Amino acid sequence: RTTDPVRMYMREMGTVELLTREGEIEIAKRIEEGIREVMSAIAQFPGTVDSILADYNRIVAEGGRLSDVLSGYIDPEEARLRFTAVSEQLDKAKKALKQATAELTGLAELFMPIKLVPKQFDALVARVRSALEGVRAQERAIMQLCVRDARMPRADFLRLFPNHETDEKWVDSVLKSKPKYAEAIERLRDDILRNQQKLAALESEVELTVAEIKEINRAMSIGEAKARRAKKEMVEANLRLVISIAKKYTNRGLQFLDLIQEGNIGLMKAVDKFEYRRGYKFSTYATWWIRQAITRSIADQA
Amino acid sequence: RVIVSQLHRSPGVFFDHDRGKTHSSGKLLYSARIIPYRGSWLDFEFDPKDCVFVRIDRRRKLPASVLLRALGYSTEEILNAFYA
Amino acid sequence: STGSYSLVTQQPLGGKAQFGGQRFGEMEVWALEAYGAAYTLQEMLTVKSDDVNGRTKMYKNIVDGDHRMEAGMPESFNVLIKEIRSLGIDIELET
Amino acid sequence: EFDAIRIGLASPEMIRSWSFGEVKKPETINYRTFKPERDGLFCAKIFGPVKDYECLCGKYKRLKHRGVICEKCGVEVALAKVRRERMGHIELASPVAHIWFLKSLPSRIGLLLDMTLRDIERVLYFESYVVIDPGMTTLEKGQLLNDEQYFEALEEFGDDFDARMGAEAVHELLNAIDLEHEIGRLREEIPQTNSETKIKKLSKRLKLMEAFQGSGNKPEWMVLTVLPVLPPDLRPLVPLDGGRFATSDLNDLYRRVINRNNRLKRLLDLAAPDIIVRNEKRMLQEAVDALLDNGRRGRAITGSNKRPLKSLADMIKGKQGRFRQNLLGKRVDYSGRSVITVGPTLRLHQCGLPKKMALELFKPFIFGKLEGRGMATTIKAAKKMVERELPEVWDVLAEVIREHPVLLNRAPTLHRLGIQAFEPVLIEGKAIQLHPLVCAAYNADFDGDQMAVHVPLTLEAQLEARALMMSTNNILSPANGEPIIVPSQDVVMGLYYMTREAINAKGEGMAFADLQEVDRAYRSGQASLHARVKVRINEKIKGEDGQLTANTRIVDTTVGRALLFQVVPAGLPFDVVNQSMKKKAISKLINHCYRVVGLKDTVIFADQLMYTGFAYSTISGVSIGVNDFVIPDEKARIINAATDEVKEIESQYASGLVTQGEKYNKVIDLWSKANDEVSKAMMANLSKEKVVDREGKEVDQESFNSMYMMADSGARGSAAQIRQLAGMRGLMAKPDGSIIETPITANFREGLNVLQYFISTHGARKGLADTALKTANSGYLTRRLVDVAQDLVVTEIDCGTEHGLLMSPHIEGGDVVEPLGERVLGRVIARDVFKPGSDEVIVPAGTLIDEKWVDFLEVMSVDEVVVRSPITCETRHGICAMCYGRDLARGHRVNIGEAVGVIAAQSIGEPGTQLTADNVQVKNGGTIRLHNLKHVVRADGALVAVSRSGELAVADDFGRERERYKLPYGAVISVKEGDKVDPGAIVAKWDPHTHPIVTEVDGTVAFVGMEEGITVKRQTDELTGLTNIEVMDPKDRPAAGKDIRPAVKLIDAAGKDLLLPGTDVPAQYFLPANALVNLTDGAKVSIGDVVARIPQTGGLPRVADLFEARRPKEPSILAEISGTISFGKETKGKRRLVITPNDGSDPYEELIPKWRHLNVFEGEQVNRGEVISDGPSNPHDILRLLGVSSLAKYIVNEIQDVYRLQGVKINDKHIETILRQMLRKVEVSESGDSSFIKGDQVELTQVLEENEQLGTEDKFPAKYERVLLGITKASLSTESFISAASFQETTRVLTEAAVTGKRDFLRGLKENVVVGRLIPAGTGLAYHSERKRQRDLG
DNA sequence: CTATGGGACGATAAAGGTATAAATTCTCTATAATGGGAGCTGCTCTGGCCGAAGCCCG
RNA sequence: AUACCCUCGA
DNA sequence: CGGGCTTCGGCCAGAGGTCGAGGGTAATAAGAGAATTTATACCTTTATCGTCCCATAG
Ligand SMILES: [Mg+2]
């Protein structure tokens, strides 16, 4: 029944082990795989690709900088060529909106190697999750309406309604099923139908259906989860490094655990900004960020 | 300012057998204690039921056999060396 | 006679150097309680110390030459109330 | 106004209600601009404005809008005092458990979940999961799961099993308690199990659940999801000079908590891995725990210092442990101190006061008088005059001092006498002049002592000083009616020297017409101060009440006695002053004068006595010189003889004949006898060392040697110290306690050698080291005594009960320790008092016994009387004014509102610093009487008494018992009840040396089962020392002889079976191991013949043990129920002695382990009150078996023995008062209206039973058993929580009050002290009564 | 012939714009660096609290 | 004008 | 022969006089430089409130 928190931190963290630099390369490869998957998913959203074209237009019009948009691949002239190719792919896909699905798959293939600055990443994420939030809010609105007013059963709810959410087929089918609940639904036809009109407007903005958007966002979520798992493995690997470096500043007017936690935050920041093509050991780059975090934490307490 | 000289327990080994109420019995030949100039302090306690327990300065009572074995003495060599 | 008090508990400080007053600790309070003297004890633990609105009013009364001793409530009890509240356990009164 | 302060758990909603903002930033003040920052620990948005009636920007500076908050300045403009009431809150990312409800010894959060504190700690420290909402699954809600276990459970189930970790899991558990269902289930399961431990645990569970249900408290509130922050001035940063800032521990802890909370939110918002998240949650839990308390689990530390940080728990605990230094101590104004100085020109009511101290203390009074007289117009002019010390300011200072008493107290005030009011007189100097006669009460000598002076201000305060605590009012000690303002050393010496007698002196013989002529002759030098003369006097006697008879009489006395009688007031005879006037005689004279003449004449008499004592100790140039220590001449001879004896004994030991162990005792006894003989010779020489000539032939007289006077007068010194000064110092003790084999032969006049000095250093070092620990223990004991007996104040006048304690003179041993007069003086009679012949009422009813009544009782032969005691007086919440008898500080009965409990505690604890066999031989001749004896006559009339309860008394001729002795079992006594036995006779010829077994029946016994080798052994000693058989030990016997026990079957001389009365079974007592049965089996044994014979601290710790009602290591085993005792089966290892009472058989009897020797003999009356095995009694068994009055007598006698050993006299009223306070609680057996077993105040149970009698049913009344609690336990178990919280264990009592939702109605002394209200006792009683009138009656 | 409501008047303070320098927090650096250390040992008792080990026992 | 440490007096 | 059931032994908490008085000691190192917000500073626009001329009701 050890009461020392440092002791149990050592116990819980001590289960994981280090790994040689090829292991770090593999973990960075996993991170790259996840971000490539989520970016390829983003490619299947026309609004996001139009937005990246707009950011490039700012680049050309000097409204954005090279270091504020792109982050290399697996000079702006290669960027010129790649975005001209991606725009031609976009136009040829839009022209024949069957073969359009193959055109978007090629579009995802072409946009797949590209890498961008994290701010645009969060912007793309915000857009896709806002579309998801709108769809989910429409779901909740219709659900609360029908369940709490017409007493319409949850079984037929979760059987017949889902995955369409946009056409009058489900309303008419429930009406033809002829329960008293469908009779009470007739008072709520107007609001549900006008909300589904807004959903249809949102779909026509994105040119895609509910099932398609669900597939893309699910794939993006899987990629984000893969990247998160890779980062978790890497930080659990470098916990030993962070405790070893945190020894330096014990009697600096701050607790040991606060120091190691700040160093942990620094090392997660380092993982967020680490690449394997640098051909370097992790510890060299992690030391700088951990020192920055710990030193800033102690300086803030002066 | 003046540094007043300090008198303290001398480093070495000390044996205590003072009558105590801990055992609530007749008597108990109490622990044998080792005190260094600098380092950890080892105590050789004596359990009420005729057993010897050893604890470091900052630990709980442990049987002396554990320390004897950790020092490298065999579980039978130590018995022959001490009990007979 | 009167002077600066401690900032946390409004009581006179201690020791010739900070002016300061002697303390009617537990034993002297018991001694006053063994006597029937409750008004001097209450004035002693209420007016001579630990009451902001009591000290000034008592000074006024002494200067005008009347001894009324409006009681008030000691500030140390308020400090205790706020500390117990900061310990996350409620305190109130029944009015 | 307000009352009934509540305590409860803090709700998150009410925590929000308390706060005025959300503290979010760790830092406090910007280094560049020195104003508090937004959302910081000092932010103006939350806590208030830095400057009174100001804002952050200065947009509004006017003093008009005191509540409006500006637009740009959201910090509302208000008074600067508001920074003390305003608190904030911190929103925690995750809930954290409260440290107090976790780490208290009974863990409230653990008890509420029926899970051990270890498991909860495992969950909190993120070591194991816990299960919430088990649903339809194998897992249970109380089940804990490890990482692998939880992973397997999740894989197997997949859902329908909510498992969490951390304080979030505990919070999710707490709010799903459903206290109603749990209470119902636990109440249903409470009586199903008959296990005492399990029933106790479930009873505690029920208590907690009902407390939560009734108190409006919610279990989820234990884990706080939001915590407050102290207002900034209560956790201030006091800037160090030089621009540094001193940060309080509270600020550091708050900053740590804020930092960890901010880290938590910003690491969860980015989805950090689970391990680091849980580590951060653990850190936040630890930081909040360290903020709330420290050292319980983690013992958090500060930066660059090994001193731990001070949390809120240590802050509310106060300095000096739990004794609140701010709410009880509370340094005061109008005070000062200085070294004290004896003033011999002071009257008893006044004290000297230095000009500067008086001028500083009374400064506002001087200002007021200056303004009233118009001598000063502005206060600046008044300050200028008072600082210039202009000659006219001394006049106004004299006017303000004339009738304004001041308070003087010593540093340790052990009793109320340690602070008394004096009417100051201006003196020239810097020291406070004290009256010499008040030094004894203050316990203050002039070797460097200091005294604090306080100036009462209100007219109430001045009148209380003059009427209750003026020095003249308190002459008699509150501990005992004996005076305390009595002549001390020097004045006693003067009075003793004045009233001596010389065999031949100048002026002896002639007769004087008046005391005036005696003074005229002495001052003219024609007569010695002590010369046997004749003088006629005019004494006024007060023999008849209201009639003062004056008579003129010629008395043979000395000049000094006649001179001193001129001081004596006009109500006492001259015979009271005709003796040598020793210290005890003078104290008794003052006591008699107080009770005869009055108080004002008594203080005048005391002042006159002090004046004459000083004057005539100055006139007598008494002095100490090297020739005063008279060494006896026979000391050398005695020392040489003892040295020869010890040399002979040492030679004998060298020969080997004498053992070292016996030689040690022999030589110590020899040296002690030699020391006693030397001391006796020295005292006999010194006392009579005066040869004088009386007109020719030489004669002897009492010595005039100065040291002998200093001893005999009692002024200063004792015989034990002259034993060292003029005789051999005697044996001295080694540090181990063993007396050193060689003594110190030399005295202090001769001077000691180096070795003897080293031994005396052993002794003196031991004593001096013991002194400090004695003082500390006495202080702690008196603090506990005061805190346990403070609510007890006289409230009623006559409660009406007629129960009390039978008080008889204490005759333990051959001498009367305390006469009946001293025990019942100042008490009140409980029932009728009768003559030796009944039907004649002597003392009718509750008449307060006074000096006249005690003299009347002495004139008659009253021996045993019953008096009303504070252990009686069953009144509620107080004590009646009768059962507490005469006040001791005053001559009359106590008055309503006297805090006799605090006086009792002070009286007991003040003198703590002074602390650290065969036959009966009648002392004097008296008619012998028997008490509590149950024995039949022997064949020849020996009257052997086998009953253990029994005593022998020798009643005097009048009828009172002059001496009593304890008669043991099997005592042969020449019974002569009514026949006087001469002194020194041996009436009882007991000689146990063994445990004899009497044979109440007769006839030819049948020793059945006596096996020679298995049950008995016919072992005969050398030289035919015994023709008997030794019983074989049960283990030393064979395998079959172990279970066989000898039995002397009861048969008559012809073979007829006989049995003892009451029980059908014969009195066939078994013969156990180590027995002595000399009578042959089958031989007629007489009635009472011995059948079986089986051979067999002090000071402050002892009184503390008695007041705590502790249990020693080996308590005395006592009988449970009276009846027929049996034999204990030793084979099982614990003796089981079943009791079979004749009135009704109760087979229940415990088993006593044979580890301690048991002296119980089977086949006799159990006598529940009696003792089974020796040892110190356990106060409890006495209480629950003998009763309450028996426990009262035992405890009172036990404490009084310890106090009388050092000769300090304390009235028993105080010990009985503390006893009443300890016996204030009773436990219930069969409730019918309450819980089965509960510790409830006897007042509560009595009220409930009285209401139930006139209520629903008649059987609703409850039966309960009285229980005794120690002072440190009785004080903490009071109904009020504020009283207990400021005594000890503040955390435990505060958590208990929080969970129980206690309410404290301020109805005690400490409650009103801490809350600043008038004391419910003394003069505040009227205010409290009026408040009750206005509150209870609408 | 006079006091008072009504309406005209106008000097300025607040409101919003609206940039603009201060200032104050935020983000990076790429050999490698991958379980800490002071922690007392010389109280003393009492008291309570769990937890284990005998002890009846039917 | 806050906490420890040291020393000293009763 | 398992099982309540009493008892005992190890472990932790709490508490240890008061009031002085004096003295002393109290806690450190990334630069660059980019970026974002905020207090400042000048200026115009609208309302507000101090202000007085004027017709009129008695
Ligand atoms: Mg002294």
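Note that chain D is numbered according to Swiss-Prot, with residues 16-931, 947-1126, 1135-1376 shown in order.
Every residue, even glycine, has its Cβ placed from backbone N, Cα and C.
Annotated features in Swiss-Prot:
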type	residues	note
BINDING	D:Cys70, D:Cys72, D:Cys85, D:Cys88	Zn(2+) 1 binding site
BINDING	D:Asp460, D:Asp462, D:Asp464	Mg(2+) binding site
BINDING	D:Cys814, D:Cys888, D:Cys895, D:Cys898	Zn(2+) 2 binding site
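Here the candidates are the binding-site residues D:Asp460, D:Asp462, D:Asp464, D:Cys895, D:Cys898, and by Cα distance the one nearest D:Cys72 (Zn(2+) 1 binding site) turns out to be D:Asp464. Counting every protein chain shown, 11 other Cβ atoms lie within 10 Å of the Cβ of D:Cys72 (Zn(2+) 1 binding site). Proximity to ligand 1 at the level of Cβ atoms, with a cut-off under 6 angstroms, picks out D:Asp462 from the binding-site residues D:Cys85, D:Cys88, D:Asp462, D:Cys814, D:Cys895, D:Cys898. If you draw a 10 Å sphere around the CB of D:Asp462 (Mg(2+) binding site), it holds 6 other CB atoms from the protein chains shown. Fewest Cβ neighbours within 10 Å among the binding-site residues D:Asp460, D:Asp464: this applies to D:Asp460.
When the C-alpha distances from D:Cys88 (Zn(2+) 1 binding site) to the binding-site residues D:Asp462, D:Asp464, D:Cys888, D:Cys895, D:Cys898 are tabulated, the minimum falls on D:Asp464. Calculated from their C-alpha atoms, the gap between D:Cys814 (Zn(2+) 2 binding site) and D:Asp460 (Mg(2+) binding site) amounts to 44 Å.
A distance of 42 Å separates the Cα atom of D:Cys888 (Zn(2+) 2 binding site) from that of D:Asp460 (Mg(2+) binding site). Residue pair D:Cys70 (Zn(2+) 1 binding site) / D:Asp464 (Mg(2+) binding site) shows a Cα separation of 53 Å. If you take the C-beta of D:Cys898 (Zn(2+) 2 binding site) and look for same-chain residues 6 or more apart in sequence within under 8 angstroms, you find D:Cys814, D:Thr816, D:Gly819, D:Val843, D:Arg883, D:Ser884, D:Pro885, D:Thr887, D:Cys888. For the pair D:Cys85 (Zn(2+) 1 binding site) and D:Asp464 (Mg(2+) binding site), the Cα-Cα distance reads 60 Å. Working note on the binding-site residues D:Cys88, D:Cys895: by count of other C-beta atoms within 10 Å of each C-beta, D:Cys895 ranks first.
Close to the recorded Mg(2+) site, the chain also has D:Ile355, D:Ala459, D:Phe461, D:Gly463: residues not among D:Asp460, D:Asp462, D:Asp464 whose Cβ is within 8 Å of the site's Cβ mean position. D:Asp464 (Mg(2+) binding site) and D:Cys895 (Zn(2+) 2 binding site) have their C-alpha atoms 41 Å apart, to the nearest angstrom. Of the binding-site residues D:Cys814, D:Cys888, D:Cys888 has the largest number of other Cβ atoms within 10 Å of its own Cβ. Here the binding-site residues are D:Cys70, D:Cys85, and the one with the most other Cβ atoms within 10 Å of its Cβ is D:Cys70. D:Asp460 (Mg(2+) binding site) sits 39 Å from D:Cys895 (Zn(2+) 2 binding site), counting Cα to Cα. Taking only the Cα positions, the spacing between D:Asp462 (Mg(2+) binding site) and D:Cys895 (Zn(2+) 2 binding site) is 44 angstrom. Excluding D:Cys814, D:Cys888, D:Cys895, D:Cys898 themselves, the residues of that chain whose CB lies within 8 A of the CB mean position for the Zn(2+) 2 site are, in sequence, D:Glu811, D:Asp813, D:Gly815, D:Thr816, D:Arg883, D:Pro885, D:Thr887, D:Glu889, D:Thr890, D:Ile894, D:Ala896, D:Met897, D:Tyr899. D:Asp464 (Mg(2+) binding site) falls outside any helix or strand according to DSSP and counts as coil.
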